[PDB]
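Engineer: So I've got this experimental structure, pasted below with the sequence.
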Amino acid sequence: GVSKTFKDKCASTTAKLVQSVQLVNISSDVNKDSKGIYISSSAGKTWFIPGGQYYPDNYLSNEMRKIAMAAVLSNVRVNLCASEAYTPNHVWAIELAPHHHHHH
Amino acid sequence: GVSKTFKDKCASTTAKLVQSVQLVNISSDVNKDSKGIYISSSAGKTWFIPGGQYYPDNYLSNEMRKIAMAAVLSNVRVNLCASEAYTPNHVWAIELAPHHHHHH
Amino acid sequence: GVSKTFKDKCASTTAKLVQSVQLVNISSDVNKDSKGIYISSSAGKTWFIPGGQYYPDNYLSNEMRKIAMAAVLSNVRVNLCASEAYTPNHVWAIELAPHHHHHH
Amino acid sequence: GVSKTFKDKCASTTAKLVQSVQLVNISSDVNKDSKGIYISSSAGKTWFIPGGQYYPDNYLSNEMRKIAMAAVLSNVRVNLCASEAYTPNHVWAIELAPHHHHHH
Amino acid sequence: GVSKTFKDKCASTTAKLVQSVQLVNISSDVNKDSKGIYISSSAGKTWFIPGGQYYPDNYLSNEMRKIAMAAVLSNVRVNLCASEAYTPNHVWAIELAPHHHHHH
Ligand code: NA
Ligand code: NA
Ligand code: NA
Ligand code: NA
Ligand code: NA
Ligand code: NA
Ligand code: NA
């Protein structure tokens, strides 16, 4: 599910929260004017994951990519904080969100 | 389980030992004023994992993130050494702690 | 499957889209005259994955290698954007494309 | 099992060979006076894995940590070359040693 | 299996092709005079994987280590291009070679 901390951080930004997304594609592109990391949902929505050249965005963007990659490979849900101001929309946070059953 | 060495190292500091935590969320955030790595337990407690720009904190923080990520993805327990001087609490050490059966 | 965004990006380049490729070999070569990363399909086609020394090609090429590697290890499909202007053909984008069942 | 080359390399040093260790904990610690990577066996023995700032110890220590981490996550045996000049003992080599059956 | 391109590249060098090797040990060593990455087969043969300090050998040697590690951990075959001018033999290329059934 979604952590309260993740919801609170997305509420402090213009980016929109997207809950319980199943990612089915991750791509890396080095073509001259289309460079970057793209992810797509089961519903056919695409996002761009921005990179980072300087501390701390360098390690943080690398962790965003690791999470997106594991979600596609392991078929595990994520929550996103995404800016609609771009095409495709830009991921500014990602949360790995394995679905756990609570039987009580 | 928890290693004696992990308990001894947390006992050498003002940070508190937290044993047998199941992590269910890991997040990476590059939003302007919420940047960082966050983890949440099955109980709804959140910690922040500090980064490292300089040797040795750079590789050590990278190993803390790898441990936290594998714990969420594989549903494996961790032990934490966490400072309560922060909100959220800061992880200063993490131990991967797969539950092993001993039948004797 | 293939994302619309991946097809749109390949349509913006001289590179050709190859859909639903099963990779069965990945290699790393440090021989003087054959240096680089090679991938081969079940059909016996080979591509070269270019490296990157400078941001952003450094992280993007690293993610292309991670995707190709996971595809071979997990026997999971990819989509490629490949330039025929080279021997072997050069990968300029790769998309991890696990086959999902839709029963509706 | 243990490779001949691993035993020969440990025999070339003051460090002691430890065969068929099951690791059950790995930890990364960024506390002021306990910084480092620690690993613990099923028997309750602990070692320290030294870091490396400069080529080649930087990549070699990184591979030592990857091996120890995989061993704990996958419950796979290692062999160690450890210096007893330190408490805890310092790992100067580690070998991933998955147990294979030979029925002949 | 072995890709035609991998055989053709090894045939253009002094190094010898070794097909369908099962690796059962990978080691990382930081001892003064034994430093490096070693891999050993089920047959008891050992190779050394050379490191790389400068682009492109730095990323290519890192991918050779990733391939060898996955082969040991997942019990998956590799093909090697190895120089017999060294003892142990030096790997100049490695190909991940998961065994596929072809029922036709
Ligand atoms: Na918001
Ligand atoms: Na948009
Ligand atoms: Na303490
Ligand atoms: Na095209
Ligand atoms: Na071509
Ligand atoms: Na010795
Ligand atoms: Na040859």
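Structural biologist: Arrived safely, thanks for sending. Numbers count the residues shown, from 1 in each chain, chains lettered A, B, ... in the order given. Ligands and ions are numbered 1, 2, ... in the order given.
Engineer: and the longest strand anywhere in chain A, how far out from the chain's middle?
Structural biologist: Criterion DSSP state E: the longest strand present in chain A is strand A:16-29. Remark: strand A:16-29 is offset 5 Å from the chain centroid, using CA atoms, centre = their mean, to the nearest Å.
Engineer: helix or strand right after that strand?
Structural biologist: strand A:36-41 (DSSP states H and E).
Engineer: Show me what that next one is packed against.
Structural biologist: Judged by 3 or more CB pairs under 8 Å, 6 or more residues apart in numbering or on different chains; DSSP states H and E, strand A:36-41 is in contact with strand A:16-29, strand A:46-49, helix A:57-74, helix C:4-11, helix C:57-74. (Each C-beta comes from the backbone N, C-alpha and C, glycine too.)
Engineer: From residue B:39, how far out is residue A:20?
Structural biologist: 19 Å (CB to CB, to the nearest Å).
Engineer: what do you get for residue A:92?
Structural biologist: Taking CB to CB, one finds residue A:92 at 19 Å from residue B:39.
Engineer: give me the number of residues near residue A:25?
Structural biologist: Counted with other CB atoms under 10 Å in any protein chain shown, the neighbours of residue A:25 add up to 23.
Engineer: Give me the contact list for stretch A:52-59.
Structural biologist: Contacts with stretch A:52-59, where a contact means CB atoms under 8 Å, 6 or more residues apart in numbering or on different chains, come from A:50-51, A:60-62, B:30, B:35-36, B:51, B:53, B:61-62, B:65, C:55-56.
Engineer: I only care about those residues that end up buried; give me the ChimeraX line for that.
Structural biologist: Those of the contacts of stretch A:52-59 that count as buried under 16 or more other CB atoms under 10 Å in any protein chain shown are selected in ChimeraX with:
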select /A:50,51,60,61,62 /B:30,35,36,51,61,62,65 /C:56
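Engineer: from the contacts of stretch A:52-59, which single one is nearest chain D?
Structural biologist: Nearest to chain D out of these is residue B:61 (CB to the nearest CB; 6.3 Å).
Engineer: Now do the contacts for the closest one.
Structural biologist: The contact partners of residue B:61, taken as CB under 8 Å, 6+ apart, are A:59, B:49-52, D:28, D:30.
Engineer: In what element of secondary structure is residue A:94 found?
Structural biologist: Assigned by DSSP H and E, residue A:94 belongs to strand A:89-96.
Engineer: ok, is that strand in contact with chain C or not?
Structural biologist: No: between strand A:89-96 and chain C, judged by CB under 8 Å from any CB of the partner chain, nothing touches; the nearest distance is 11.0 Å.
Engineer: Just the terminal-to-terminal distance for stretch A:80-97.
Structural biologist: End-to-end distance of stretch A:80-97 (CA to CA, to the nearest Å): 10 Å.
Engineer: For beta bridges, what are the partners of the residue sitting nearest the centre point of chain A?
Structural biologist: Centroid-nearest residue in chain A: residue A:94, 4.1 Å away (criterion: CA atoms, centre = their mean). Note on residue A:94: beta-bridge partners by DSSP bridges are residue A:80, residue B:28.
Engineer: List the contacts of it.
Structural biologist: So residue A:94 contacts A:49, A:64, A:67-68, A:78-81, B:27-28 (CB under 8 Å, 6+ apart).
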